[PDB]
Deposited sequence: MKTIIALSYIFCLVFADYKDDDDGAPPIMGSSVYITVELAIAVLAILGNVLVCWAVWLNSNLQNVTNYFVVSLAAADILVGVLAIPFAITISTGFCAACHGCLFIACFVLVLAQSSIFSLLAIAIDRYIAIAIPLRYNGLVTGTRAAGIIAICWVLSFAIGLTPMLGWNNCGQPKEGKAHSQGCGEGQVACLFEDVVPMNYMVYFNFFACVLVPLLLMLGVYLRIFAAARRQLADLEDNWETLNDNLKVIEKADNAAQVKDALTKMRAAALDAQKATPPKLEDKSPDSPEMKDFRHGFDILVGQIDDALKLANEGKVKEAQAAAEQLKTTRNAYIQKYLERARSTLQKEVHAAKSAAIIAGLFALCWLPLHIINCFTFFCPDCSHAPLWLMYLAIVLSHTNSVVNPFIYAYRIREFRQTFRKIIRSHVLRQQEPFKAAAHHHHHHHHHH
């Protein structure tokens, strides 16, 4: 079968992906520039990772189409064509790592967050991450390559000029780089870290909710104790547990300013031994509870759920990165570790490459389904500018 008919399917699919990559991720960048509600440190990393996906469509995918022809070229120019995509992939791992650490700080030290994270420091972290991304991804050009042992049978067959090679990924890029250095050290290790960070985020959130609900059950069982109590020694106890629980839940001020004051007064009645005026005084507490602290515990509960919903959106993007990228890394593993195995067939190579490229399309859809601010901003731009 002429190679050119299978080539035409591959190339057509690649071009289709490129257009979706650029369109959807240019829309993300327009939303964030326009809507100031979307201008948070969290979203500057999302614009960084949108940039990487845009350049997959404009550069990486065109590079992949041409490397697959075997065209004659100077070996070091082949390596750049072949490795630029490793730069863009590394950049996305750092952006993904950053968003996880950012969402963890948000949930773990909400007090200090705005102090510790700032948009000026953010831009710094992003620049450094791109420089690093070029460094990791183009390490083969500093000498860790196969340019020094060219396949001159294949150069002469293709009729390349002198000094030229048949430009093929697995010919110029060594497989020990790809498996030990790129996959194990630079992709897989960072991904396991994200797994761990996200584990603590959901753990700290599950345990923050529990602490709220405990303070709520501590506050009302103690209340049942004062109600049908007997001695002033046990009214005291049932009110000491309420004050500690009040101060714990504090970490709006009016509702608590009164509640702790009301405990204080009812306590001194108990201490001078007036039992039943201290009792009766602790039912006016019920009033402050329903009027203030329960609006407090309800809206604190609502906010933790917002933060967890946002952290779950970020985890889905990281998970989809791994899904789309592991097949190629696993095939390379087979290629490198089993020289007794037959090399994966060409049609499977191209499915795995195509699949790693698909990751550049999916993120815009996740924002639109899962984050209402993005979805409404998307709606406003399409209707306002494209369609009307």
query	finding
Unmodelled ranges, which are counted on the deposited sequence from position 1 and given in order	1 to 24, 276 to 293, 431 to 449
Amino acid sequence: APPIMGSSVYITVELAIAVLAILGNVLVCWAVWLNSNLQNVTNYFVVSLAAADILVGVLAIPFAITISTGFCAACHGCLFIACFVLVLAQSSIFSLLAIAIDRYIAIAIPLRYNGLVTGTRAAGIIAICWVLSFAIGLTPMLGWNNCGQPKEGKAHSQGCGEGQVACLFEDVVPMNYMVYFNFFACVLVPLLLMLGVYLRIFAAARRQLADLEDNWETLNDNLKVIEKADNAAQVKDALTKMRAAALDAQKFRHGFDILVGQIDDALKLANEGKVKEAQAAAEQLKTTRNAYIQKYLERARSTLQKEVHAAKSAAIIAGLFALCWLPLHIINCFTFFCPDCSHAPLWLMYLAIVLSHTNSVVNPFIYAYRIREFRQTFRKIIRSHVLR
From here on, numbers count along this sequence of modelled residues.
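Take the two forms, superpose them, and find the largest set of C-alpha atoms that agree within 1.5 Å; that set is the rigid core.
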query: Which of 129 to 137 and 278 to 286 lies farther from this form in 8 other deposited structures of this protein, as RMS of C-alpha positions after a rigid core fit; finding: 278 to 286
query: Which of 291 to 299 and 86 to 94 strays further in 8 other deposited structures of this protein - Cα RMS after rigid core alignment; finding: 291 to 299
query: Residue stretch of maximal mean CA temperature factor, 177 to 185 vs 199 to 207; finding: 199 to 207
query: Residue stretch of maximal mean CA temperature factor, 124 to 132 vs 298 to 306; finding: 298 to 306
query: Per the PDB entry, maximal CA B factor within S91, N271, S313, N146; finding: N271
query: C-alpha B-factor winner, where the candidates are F71, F252, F84, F169; finding: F252
query: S36 - Cα temperature factor, lowest/middle/highest third of chain; finding: highest
query: Ranked C-alpha temperature factor of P110 among modelled chain residues, by third; finding: highest
query: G163 - which third its CA temperature factor falls in, relative to the rest of the chain; finding: highest
query: Among modelled residues of the same chain, the CA temperature factor third for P150; finding: middle
query: Third assignment of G137 from its chain's C-alpha B-factors; finding: lowest
